[PDB]
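Given as structure tokens, the chain that follows is alone and in the form deposited in one PDB entry.
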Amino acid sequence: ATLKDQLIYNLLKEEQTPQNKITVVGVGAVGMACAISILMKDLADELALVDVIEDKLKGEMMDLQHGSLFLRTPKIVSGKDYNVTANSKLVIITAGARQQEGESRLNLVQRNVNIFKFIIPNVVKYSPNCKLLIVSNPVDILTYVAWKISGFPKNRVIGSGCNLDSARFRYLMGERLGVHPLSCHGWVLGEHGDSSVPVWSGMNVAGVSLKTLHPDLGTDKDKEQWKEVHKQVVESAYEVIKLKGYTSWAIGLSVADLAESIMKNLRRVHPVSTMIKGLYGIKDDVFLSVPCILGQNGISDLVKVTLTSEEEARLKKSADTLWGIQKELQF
């Protein structure tokens, strides 16, 4: 007999389908940061990685596998073929090269819609009941694209949206007040990135509205310029790219937080991109961030935030812009 058979007596071989499997598509800076965060939070019993660069993909898989002794995820797999992703509860899309210098949004949309045409049918083929979590940019457009190609119901297509924007805002608010970000509440909604909307009415510490205490909050005439907090969210994003060339840790940590609510059915509220048709005068098939309840069926509910006329106008303008790009797309 072999050493294995001499040491171990087998009662059964009968392997089951993975019970809490997560797949990450695209093992770049963002994808690997999502992967390490997910592993360190014990969210999955199986992690699958997919990319088109075979050597980098294998090397990343091996490097994570070599840390198994310090993890509680007994199976890490990878491949260019989507058969490695079979029976995933959650599939995270972080694919396509990051935006290049001088590269426009329309050019990013062009190439990423193209790869989604291959990615999404392959994901759906092997995990037809998965929740799709889109991170790739422009995240609001690509969440619509994933929804359209997949044919999945609204609840199972989630865009990262304004989750990173709100996390950055809460960090900046915390720094300003000398309070941990967990205790500094504030929501950044609408279109992810440059055109996002800070909801000044909800900015609070311990339920004490900062807008009620300081009526000039968020206005350009504010003597203390609290609008700086939202402006620094956009500025810090560009600054990080200027200084290191990409963002990985902050987006990876924010994605693992969404994955935790989904995998553990927590029903916590997060700012994520969802189908907002029928809200704020929006009539088009567009995905924008609102506070969503996240659980085992993805987005089961959304919070109906009271917005000012200015805030509503900004979301409607974003919806018009996004729909303008979307109507010209070919699926």
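In case it trips you up, residue 1 is the first one in the sequence shown, and so on. We call the rigid core whatever largest set of C-alpha positions still superposes within 1.5 Å between the two forms. Residues that one form lacks are left out of the comparison.
Once the C-alpha B-factors are averaged per stretch, 101-109 and 160-168 rank with 101-109 first. Mean C-alpha B-factor is higher over 269-277 than over the other stretch, the pair under comparison being 30-38 and 269-277.
Taking the deposited Cα B-factors for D140, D220, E260, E239, the highest one is held by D220.
Across the residues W249, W147, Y246, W187, the deposited record lists the maximum Cα B factor for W147. In this PDB entry, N129 carries a Cα temperature factor that places it within the highest third of its chain's modelled residues. Annotation for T212: C-alpha temperature factor in the highest third relative to the rest of the modelled chain, per the entry. Among the modelled residues of the chain, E46 sits in the lowest third by CA temperature factor in this PDB entry.
Remark: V290 belongs to the lowest third of its chain, ranked by C-alpha B-factor as recorded. Residue-level temperature factors show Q225 in the highest third of its chain, judged at the C-alpha atom.
The same protein has a further form, the form deposited in another entry, not shown here; the description that follows concerns it.
Superposing the rigid core between this form and the one not shown leaves a single residue from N114, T219, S104, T212 with a C-alpha shift of at least 2 Å: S104.
In sequence order, there is only one run of at least 3 consecutive residues whose Cα atoms each shift by 2 Å or more between this form and the one not shown, relative to the superposed core, and it is 97-107.
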